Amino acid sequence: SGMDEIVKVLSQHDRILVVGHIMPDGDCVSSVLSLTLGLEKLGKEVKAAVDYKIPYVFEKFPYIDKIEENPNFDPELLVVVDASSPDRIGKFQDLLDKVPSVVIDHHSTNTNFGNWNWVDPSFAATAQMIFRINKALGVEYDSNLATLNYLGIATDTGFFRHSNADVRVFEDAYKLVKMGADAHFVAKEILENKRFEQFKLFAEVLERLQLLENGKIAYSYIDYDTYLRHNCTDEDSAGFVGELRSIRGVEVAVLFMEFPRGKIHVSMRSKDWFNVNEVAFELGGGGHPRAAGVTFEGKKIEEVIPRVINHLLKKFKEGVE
């Protein structure tokens, strides 16, 4: 239930599979690799897996190839990081009824689906929890491990810009940089790694932009054919919803993205007060008060936009009251 019990369970087991969530982000990659590498330094037999393509922005990160898509492994323990429910880990959820499982996560809506669960939403990033676990295990950090652990703290705080960038976040980043974390390398690879094609794709996003409530709600969409027409992928749209929120006067931005055909992810970002986690949660997704998402499969975009935006607008009007 707490960190101490997790540390004991990790110490008790040797053959460990560490799994992150599908559609992985920086915190998923950071948490998976930092924990995997920490456990390996203890002499454990460990593999790492995510049931999803690892985005190209991570390709130069040290040990990125340790994260597998199709591991061949007979683990004694499954460790699930940064994933709020079983569906979030893809095909590895079939191991949950077969292999003892640890959950380490910072989502308030975590269903506590492990045999042991350490869930604390006061952390901005699961990577902060892995940091503390590794230290409690006696893991010695080198600069590569510091860099990998810094990654998740940076990405989940929007590089120290989001409402979750509190004193403990800054303290953790300070400690990791002191230990050799390459903060410039992480920013360059995540933020300064844009294919030029992303600009034309985003212009198409701007052209489709709809505004509601005196400009406080902004939403747009990318259909799958538009991805292909622009030689782009959902890896190319990753920062777009944040760019929509950066428009003056916008309080909540919503981006609907169809990739691949028939799979529609909708990203929600809010600025000052509106809880998008409650909207996403009620729609079957989840996240955090200022950043949340839900994924639909087998539905048509003309049907997804009304359902999401109508529910969003309902809650948004209730919030203004």
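We number the residues from 1 along the sequence you see.
**Q** Comparing 69 to 77 with 174 to 182, which stretch shows the greater average C-alpha B-factor in the deposited entry?
**A** Per the PDB record, 69 to 77.
**Q** Per the PDB record, is the mean Cα temperature factor higher over 222 to 230 or over 93 to 101?
**A** Going by the record's values, the stretch with the higher mean is 222 to 230.
**Q** Given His265, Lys44, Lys53, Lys47, identify the residue with the highest C-alpha B factor in the PDB entry.
**A** Reading the PDB entry, the winner on C-alpha B-factor is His265.
**Q** Among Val9, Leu17, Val308, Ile22, which residue carries the highest C-alpha B-factor recorded in the PDB entry?
**A** In the PDB entry, the greatest C-alpha B-factor among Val9, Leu17, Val308, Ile22 is found at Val308.
**Q** So where's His106 on the chain's Cα temperature factor ranking, which third?
**A** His106: CA B-factor falls in the lowest third of its chain.
**Q** Which third, lowest, middle or highest, does the CA B-factor of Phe58 fall in along this chain?
**A** It belongs to the lowest third of the chain when residues are ordered by C-alpha B-factor.
**Q** Classify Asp120 as lowest, middle or highest third according to the C-alpha B-factor given in the PDB entry, relative to its own chain.
**A** It belongs to the lowest third of the chain when residues are ordered by C-alpha B-factor.
**Q** In terms of the chain's CA B-factor thirds, is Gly38 lowest, middle or highest?
**A** According to the entry, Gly38 has a C-alpha B-factor in the chain's lowest third.
**Q** Considering only modelled residues of the same chain, in which third does the CA B-factor of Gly293 rank: lowest, middle or highest?
**A** CA B-factor rank for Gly293: middle third.
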